[PDB]
Amino acid sequence: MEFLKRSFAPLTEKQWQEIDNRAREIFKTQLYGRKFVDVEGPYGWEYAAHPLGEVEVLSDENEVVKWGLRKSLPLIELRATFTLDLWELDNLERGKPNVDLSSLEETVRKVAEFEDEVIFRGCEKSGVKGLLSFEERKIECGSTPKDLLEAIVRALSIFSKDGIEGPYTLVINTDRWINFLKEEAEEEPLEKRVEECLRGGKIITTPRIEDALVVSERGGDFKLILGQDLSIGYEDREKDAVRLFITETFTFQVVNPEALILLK
Amino acid sequence: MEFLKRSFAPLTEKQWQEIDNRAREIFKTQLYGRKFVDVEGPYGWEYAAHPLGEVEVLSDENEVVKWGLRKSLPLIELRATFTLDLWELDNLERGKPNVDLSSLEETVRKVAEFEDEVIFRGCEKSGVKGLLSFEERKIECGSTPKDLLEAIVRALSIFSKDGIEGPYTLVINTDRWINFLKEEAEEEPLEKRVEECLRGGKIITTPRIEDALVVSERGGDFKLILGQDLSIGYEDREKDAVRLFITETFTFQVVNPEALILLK
Amino acid sequence: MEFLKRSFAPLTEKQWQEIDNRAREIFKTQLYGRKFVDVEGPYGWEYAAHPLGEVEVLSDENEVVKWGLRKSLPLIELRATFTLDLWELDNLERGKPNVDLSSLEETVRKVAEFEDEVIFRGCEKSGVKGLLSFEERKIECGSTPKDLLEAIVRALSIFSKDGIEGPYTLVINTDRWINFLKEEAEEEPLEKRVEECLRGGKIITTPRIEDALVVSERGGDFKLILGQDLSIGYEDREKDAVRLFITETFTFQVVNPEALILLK
Ligand SMILES: Cc1cc2nc3c(=O)[nH]c(=O)nc-3n(C[C@H](O)[C@H](O)[C@H](O)CO)c2cc1C
Ligand SMILES: Cc1cc2nc3c(=O)[nH]c(=O)nc-3n(C[C@H](O)[C@H](O)[C@H](O)CO)c2cc1C
Ligand SMILES: Cc1cc2nc3c(=O)[nH]c(=O)nc-3n(C[C@H](O)[C@H](O)[C@H](O)CO)c2cc1C
């Protein structure tokens, strides 16, 4: 990846390695949608559009020759910059085991939020439709713990009326999960009963949404298309510090809307 | 270890062996912090200081040549003495299976308390900071059994917002644990639910502290540095008895303060 | 030595080589104490302290457990900077045999003076004691040439009363040596008689001190401890020039005060 001008910065190999590790650790836990969507492999730094498979007609009816144009989806590219101090970084050679890296962490969290927003709610300038837009698959629920089990039992019938099958997963909000744990008039652990009502599924808690949803996980319904993964490069020097950046290129699509149900 | 003048005392091999075994047994159960800290290997009887990796400037701004001094941590050495009676020790050769060794046991307990005090609360003359000093990672709790589960669930989110992961452990006071067992309005064993709320963690009870704390156990955050381990040597003879001693050399350090949380 | 960022400066190999040679030449003649002290080998860029071998007690007398701290000496680190012009340096490629390098020479002389000052007179903030501090080994002398021979003959007896032996060396001030040469009422070369009064010793003249001293040279009494030797590195660029620096890390110690005598 020579377009990242890494050999022109005044650092050493050990000073690059720790910067890589610290960012990898946080990304792994803070990316949420990659826990249950599919990923299509990288194409390269030159890929530009993804085809849809249709034609739009632009001529009259009395013509002898008729014509139209093909359709596609364009990709999104992003960039974000930060700065670091040099004397502090140079204590690693004298033997300090812990150095200060707060700006990197704040920038990483901002990028993760931006990425999750598009998957959950979509983008209008690009023509992307998000998971919460499909408003004809919503069913009601209740407050007491048994209403959750009743709702799950009712949802599996709607799943089975079509041909949909496979492992099932629940995605829920953390405050509501805490309230469900707090309010237990019946004496039985909630997690065991919930995991048994699904045929051995699993539960994911997150602060991104407000209510709950249920999805199927056989494979092939939600896809994320990548051109280049997340990377770090070099920009310039500011007489006491250095300036660096983060970048990426992607798009998203939903194929079969039959594998998703919304609660409340 | 020739600096321990063991060959000049009037004893036999069997009389040395039982003295070693009795002390090993008690140390194993009474040292508490070694259950969850890391240990860096021995360096020797001549090691004196551990480096930190910084410079302190001591000159003016208009100088042509500028200079400073490096920084480090000094080690601690201790010694404690006791006495034993000779006719009583000589019945082992006639065939007695149980002899009287109470002074050794009392001294061992005193040494163990001194060692744990520095880890939990620090030393000021040497420049050591202890686990209870970090006062910006404390959260509130309650009296009823369900408040404990709520607090644990809230703590794991703070852990996951950073990159911290791994097995988790709870350290609690024994009287409070007994009260929690006694007050069970809900009908379910507390230990199973507590061990399941953590993803398969464990619980440690101790009389050293007053409240509870939660720690991560991936490895590399709390370290104890040793020069020489615990040993026994010979001093002199007092016309009816013998005099012996115990000694050691050590220091302690905390690297990443992100893996620790304090309750109440 | 990657902590010296030499690969990021805009120079060539020939332009580095001559800069190295010119500094080596001057250091060799201008470092004076290395002519008669001992040198302990390099340890590295991370070494921080040198042990002394003692304990200081900090507890009371009625305690059951007693403790103290170990002792050591900290190292000294220095840094000094200068600047050079680029068009002038570029004539070496066209074929000029002599280029202008005056700033480097002035800086080198300043560093040499700073180094010799600590050996001859010590430093108070660090706890170093210098050769002229030991004030109980001083004997009187005279002005005429024969008084020097009388003083040397008297000094060798004090040396032999202890067990000290080996080659002997004289260190003297240059103006006083010139006056001794000028005032020769007796007709015999002074150097031959002086070198014969010692059992084949040698003479060193220097502008650092005021009076003379006599030392033994069997080996093992005065030691200089080094972490990193003298080196050159790169800092930045100033739109017409480049900026560079010099650095080092050391300490000094006197072991046996019986091998030294002071005159007048
Ligand atoms: C003893 C000393 C050591 C220094 N070490 C470094 C260093 O490792 N990295 C750095 O960027 N600046 C360092 N500086 C600051 C840098 O040299 C400063 O900008 C001027 O060059 C000091 O004259 C150091 C300054 C001093 C006095
Ligand atoms: C029968 C007898 C056996 C003894 N055995 C021992 C012994 O094994 N070890 C010991 O320290 N003293 C022993 N003593 C005490 C010791 O001998 C005492 O100080 C005097 O030497 C007794 O005259 C013994 C005394 C007696 C009378
Ligand atoms: C004929 C000529 C040769 C030059 N050669 C050099 C050179 O070798 N190194 C340098 O630093 N500047 C050199 N300069 C100066 C440098 O080019 C100047 O800053 C401007 O670029 C001149 O337009 C040269 C200028 C001239 C006119």
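Draft legend 1. How the structure looks around the site of ligand 1. With respect to spatial proximity, the complete set of residues near ligand 1 consists of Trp87(A), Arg94(A), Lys66(B), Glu77(C), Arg79(C) and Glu235(C). In this structure, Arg79(C) approaches ligand 1 through a side-chain N or O atom, which is 3.4 Å from an oxygen atom. Contact distances for ligand 1 include 3.1 Å between an oxygen atom and a side-chain N or O atom of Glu235(C). In the complex, 69% of the free accessible area of ligand 1, which totals 540 Å², lies under the protein chains. The residue inventory of the shell around ligand 1, partitioned by class, reads one nonpolar, no polar and five charged.

Draft legend 2. Summary view of the sheet that holds strand β5 (residues 138–139) of chain A. Residues and elements named next belong to chain A. Ordered by their spatial adjacency, five strands build an open sheet running β5-β11-β8-β6-β7, and the pairing between neighbours is mixed. If you trace the sheet from one side to the other, it starts and ends with β5 and β7 (202–206), each paired once. The strands touched by helix α5 (residues 145–161) within the sheet are β5, β6 (168–173), β8 (213–216) and β11 (260–263), with β11 carrying the most contacts at an inclination of about 150 degrees. The sheet contacts of helix α6 (residues 174–182) involve β6 and β7, and relative to β6 the element is tilted by about 95 degrees.

Draft legend 3. Broad picture of the sheet that holds strand β8 (residues 213–216) of chain C. Residue and element names in this part refer to chain C. On the basis of which strands lie adjacent, the open sheet formed by five strands has the order β5-β11-β8-β6-β7 and mixed pairing. Edge positions in the sheet fall to β5 (138–139) and β7 (202–206), since each has one partner strand and no second. Where strand β6 (residues 168–173) and β7 come together, five bridges link them in parallel fashion. What sits directly across from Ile 172, in β7, is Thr 205. Sitting on the sheet, helix α6 (residues 174–182) is in contact with β6 and β7, with an inclination near 95 degrees to β6.

Draft legend 4. Spatial organisation of the interface of chain C and chain B. If you look at the interface, chain C gives 24 residues, while chain B gives 25 residues. Three residues stand out in chain C for area buried against chain B, namely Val65(C), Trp67(C) and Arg70(C), and they jointly supply 28% of the buried area on that side. Applying the counting rule to chain C against chain B returns two salt bridges. Across the salt bridge formed by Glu77(B) and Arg70(C), the nearest N and O atoms sit 3.2 Å from each other. Across the contact surface, chain C and chain B share six residue pairs in polar contact. Listing elements by their share of the side of chain C that touches chain B, those giving two or more residues are β2 (49–57), β3 (66–74), β4 (76–85) and α4 (102–121) of chain C. In terms of residue count, the dominant contributor to the side of chain C that touches chain B is β3(C) (six residues). When its residues are assigned to classes, the side of chain C that touches chain B shows 15 nonpolar, two polar and seven charged.

Draft legend 5. Spatial organisation of the interface of chain A and chain B. The interface of chain A with chain B comprises 16 residues on the first partner and 20 residues on the second. Between chain A and chain B the total buried area reaches about 1600 Å² when both faces are included, carbon and sulfur atoms providing 48% of it. Of all residues in chain A, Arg94(A), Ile178(A) and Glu187(A) bury the most surface against chain B, accounting for 29% of the area lost on that side. Summed over the shared surface of chain A and chain B, the number is four salt bridges. The closest approach of N and O atoms between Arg109(A) and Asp162(B), which form a salt bridge, is 3.8 Å. Taken together, the connections running from chain A to chain B amount to two residue pairs in polar contact.

Draft legend 6. Structural context of the relation of the copies chain C and chain B. Overlaying chain C on chain B yields an RMSD of 0.0 Å, the required transformation being a rotation through 180 degrees with an accompanying axial translation of 0.0 Å. Within this description, the copies of the chain are treated as partners about a two-fold rotation axis. It is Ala49(C) whose C-alpha, among those of chain C, lies nearest the rotation axis, at 3.5 Å. Same-surface contact between copies: 100% of interface residues of chain C are shared with the interface of chain B.

Draft legend 7. Molecular detail of a negative patch on the surface. Together, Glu184(A), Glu187(A), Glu188(A), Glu191(A), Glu195(A), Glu196(A), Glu184(B), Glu187(B) and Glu196(B) make up a negatively charged patch on the protein surface. Structurally, the position occupied by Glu196(B) is in helix α7 (residues 190–197). A residue is classified by how much of its surface remains accessible, and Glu196(B), at 48% relative accessible area, is partly exposed.

Draft legend 8. Spatial organisation of the UniProt feature "binding site: FMN" in chain A. Here, the residues flagged by UniProt with the feature "binding site: FMN" are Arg79(A), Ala80(A), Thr81(A), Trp87(A), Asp90(A), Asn91(A), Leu92(A), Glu93(A), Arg94(A) and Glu235(A). In three dimensions, the annotated residues from a span of 157 residues occupy distinct locations, with a maximal C-alpha spread of 33.7 Å. Take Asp90(A): it is sitting in the loop between α2 (86–89) and α3 (91–94). Given a relative accessible area of 23%, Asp90(A) falls into the partly exposed group. Excluding residues within four positions of it along the chain, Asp90(A) makes contact with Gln15(A) and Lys5(C). One can find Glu235(A) in strand β9 (residues 222–237).

Thresholds, definitions, all that
- Residues numbered from 1 in each chain as written, not as in the entry; some residues may be left out.
- Chains lettered and ligands numbered in written order.
- Part of a larger assembly, values for the part shown.
- Heavy atoms only, no water.
- Near = heavy atom within 4 Å.
- Polar contact = N/O pair within 3.5 Å; in protein donor to acceptor, adjacent residues only side chain to side chain.
- Areas by Shrake-Rupley, 256 points an atom, 1.4 Å probe, with all protein chains shown as cover.
- Nonpolar A, V, L, I, M, F, W, Y, C, P; charged D, E, K, R; others polar.
- Pairing = 2+ DSSP bridges.
- Helix = DSSP H or I, 4+ residues; strand = E, 2+ residues; numbered from the N terminus.
- Contact = heavy atoms within 4.5 Å.
- Axes fitted to C-alpha atoms, helices over the stretch in contact; angles between N-to-C directions.
- Buried area = accessible area lost by both parts, 1.4 Å probe.
- Salt bridge = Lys/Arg side-chain N within 4 Å of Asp/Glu carboxyl O.
- Least-squares fit on C-alpha atoms.
- Patch = residues over 30% accessible without salt bridge, like charges linked within 9 Å, V, L, I, M, F, W, Y side chains within 5 Å.
- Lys, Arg positive; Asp, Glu negative; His and termini not counted.
- Charge placed at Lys NZ, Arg CZ, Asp CG, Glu CD.
- Buried < 20%, exposed > 50% of the residue type's maximum accessible area, 1.4 Å probe, protein only.
- UniProt positions renumbered as here; feature names shortened; annotations may be inferred.

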